[PDB]
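K.L.:
Going by the authors' numbering, the sequence shown opens with residue 58, and the numbers climb by one from there. Positions of the beta carbon are idealized from the N, C-alpha and C atoms, including for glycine.
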Amino acid sequence: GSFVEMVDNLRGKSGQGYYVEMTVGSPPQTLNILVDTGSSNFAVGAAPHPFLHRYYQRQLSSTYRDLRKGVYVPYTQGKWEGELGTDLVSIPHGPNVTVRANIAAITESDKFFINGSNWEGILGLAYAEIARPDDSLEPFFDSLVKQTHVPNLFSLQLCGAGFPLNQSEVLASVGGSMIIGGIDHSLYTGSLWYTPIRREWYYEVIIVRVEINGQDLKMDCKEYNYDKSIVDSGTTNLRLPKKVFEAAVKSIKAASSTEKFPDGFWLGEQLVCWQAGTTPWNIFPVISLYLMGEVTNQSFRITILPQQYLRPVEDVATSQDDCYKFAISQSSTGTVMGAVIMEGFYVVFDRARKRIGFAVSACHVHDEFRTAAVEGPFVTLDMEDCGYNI
Ligand SMILES: CN1C(=N)N[C@](c2ccccc2)(c2cccc(NC(=O)c3ccco3)c2)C1=O
């Protein structure tokens, strides 16, 4: 129903991440923590770093327990390494509970912490299968559910401003909500539609059809989920498999052909600017992703606007122009529904019923002519064939 204590508990933006305040140790040490549905470790800065103004000090926590085990995590865009342990953890604008959770105390990292992001760690909300070093390291949410009466469900409303927020504004602005243990009806409009969680590792889903301004991309649906499709608040962009990316960009270019943009724009590298207030939203198409429904041979669609897939960025000249980066990019690891897609919707991670819910977000950016949408049902056949198998 209503979870006023957790509403508006997030800050941040799509490019730098959305974070929630947490406390670790006794006495409590306050830290800002990235909400990451694409990983499964609770990992916090525990040693000085040039981009950290605070970190977890294990020697100051009376409830700190050393697990005597290291963790080394090299990833595509960087690396983090640290020491495993446990401590008492709370979410000040969350359920009124304290849990004993695993913590990876980050002692060394490369390109992990973002200068100016305002977060000092990450909260991996996905399942134990992808926890590092292995699945025996119980993720935070699993500990929270096992130790308390908190229902096995969380929901996220990520709120993009629709324009750039400077250093001061991003610290003072409400970035959205993470409702732990429930669904808050004030965060969305219309109905919630659910897609099954295909498998519990990442939050894996199945896309069955893709349209650009109602025109079917017409690919074998297995291509859309090659090698998987996930919902990931820990990624900025909508990331698409190489072949799907190439087809989608061709169609988005064709729909917006009244204006030509340089190659660097479509590569997500360079910004495009328009005179203040003149962004031609109407020339860019809407993108509909059809997801497998909970009923046999039924699907539903989520429709996003260019106000979601064009990410607002401030100009190099700090001008009065309205500038953006194209927030759709290619992937070699499947589809990733990142922060820019999540900004259009209230997303319900219903772990108890192995399903993900989508509803139009009460804070999605739109114009007077178009809105994001969550609609259904549609008759869709052979949807299990859309799932990829190695
Ligand atoms: C894709 N992805 C993710 N889902 N989480 C990782 C991660 C986490 C643990 C271990 C390996 C990789 C990450 C690591 C560091 C930062 C961010 N996220 C951001 O900086 C960010 C910005 C906007 C949204 O998220 C995400 C990552 O690679």
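(1) Measuring straight from C-alpha to C-alpha, what distance separates residue 429 and residue 196?
(2) Quick check on residue 303: does DSSP put it in helix, strand or coil?
(3) Check residue 395 in the structure and name its three-state DSSP category.
(4) Check each candidate in 306, 259 and 167 and name the one with the smallest Cα separation from residue 292.
(5) Could you tell me if residue 250 is buried or exposed, where buried requires 16 or more neighbouring beta carbons within 10 angstroms of its beta carbon?
(6) Take every Cβ of the segment 371-388, pair it with every Cβ of the segment 293-311, and state whether three or more of those distances are shorter than 8 Å.
(7) Any heavy atom of ligand 1 within a distance shorter than 6 Å of the CB on residue 301?
(8) Less than 7 Å separating the beta-carbons of residue 236 and residue 60?
(9) At a threshold of 6 Å, does residue 218 count as lining ligand 1 (C-beta to nearest heavy atom)?
(10) What residues in its chain sit with their C-beta under 8 Å from that of residue 389, if we drop five residues either side in the sequence?
(11) If residue 262 and residue 288 are in contact, beta carbons under 8 Å, what's the gap, nearest whole angstrom?
(12) In its own chain, which residues sit with a C-beta less than 6 Å from the C-beta of residue 328, not counting the 5 before and 5 after it?
(13) For the beta strand (DSSP E) that contains residue 146, what are its first and last residues?
(14) Figure out for me which residue from 146, 136 and 84 has the closest Cα to the Cα of residue 116.
(15) What is the residue span of the alpha helix (DSSP H) that residue 363 lies within?
P.N.:
On the basis of the data shown:
(1) Each residue's Cα considered, the two are about 33 Å apart.
(2) DSSP places residue 303 in helix when its eight states are reduced to three.
(3) The answer is coil: DSSP assigns residue 395 none of H, G, I, E or B.
(4) Considering only alpha carbons, the answer is 259.
(5) With 16 or more other Cβ atoms from the protein chains shown falling within 10 Å of its own Cβ, residue 250 counts as buried.
(6) At 8 Å Cβ cutoff, the stretches touch.
(7) Incorrect: residue 301 has no Cβ contact closer than 6 Å to ligand 1.
(8) The answer is yes: Cβ separation under 7 Å.
(9) Not so, every heavy atom of ligand 1 lies at least 6 Å from the Cβ.
(10) Excluding positions up to five away in sequence, the list reads 298 and 299.
(11) About 6 Å separates the two Cβ atoms, so the contact holds.
(12) The answer, listed in chain order, is 370, 380 and 382.
(13) Its beta strand (DSSP E) spans residues 135-147.
(14) Comparing Cα-Cα distances from residue 116 to each of 146, 136 and 84, the minimum goes to 84.
(15) For residue 363, the enclosing alpha helix (DSSP H) begins and ends at 363-366.
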